[PDB]
């Protein structure tokens, strides 16, 4: 009973903390890719490999890091109050995660057109918005416990 008002608080914290993390790494994959293709563009400098080293490799890491963070969120089932806001973020993460994953395939094999053809911004926009919605319900899921 009463003392159970501590396991709900901690969960809201961890579930949310997990989202801030994931989001970060995602936008932390987007720039590595960006910084990756940039140099992949018509230029020289690091004449090593052939479209796959440091920067490209770091995005493969960041996205994997975000995903592990996310898998936790996906695991520990939410609450009947975080229900909707949850499936929504999952729904948007699904798309934006797939998106970056593919961006990684392209840069990987040299698919510059494809890499630059993908409508990523909006994929990111949707999740960001869906993240704001969830953050709104989450932070609010306490403004009635006094």
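Numbering follows the first chain given and starts at 1.
According to the PDB record, 45-53 carries the higher mean C-alpha B-factor of the two stretches 45-53 and 90-98. Remark: stretch with higher mean C-alpha B factor among 12-20 and 124-132 is 12-20. For residue 65, the recorded CA B-factor ranks within the lowest third of the chain. Only modelled residues enter the ranking. When the modelled residues of the chain are ordered by C-alpha B-factor, residue 112 sits in the highest third. In the PDB entry, residue 40 places in the highest third of its chain by CA B-factor.
When all modelled residues of the chain are sorted by CA temperature factor, residue 27 is found within the lowest third.
Sort the chain's modelled residues by C-alpha temperature factor and residue 77 lands in the highest third, per the entry.
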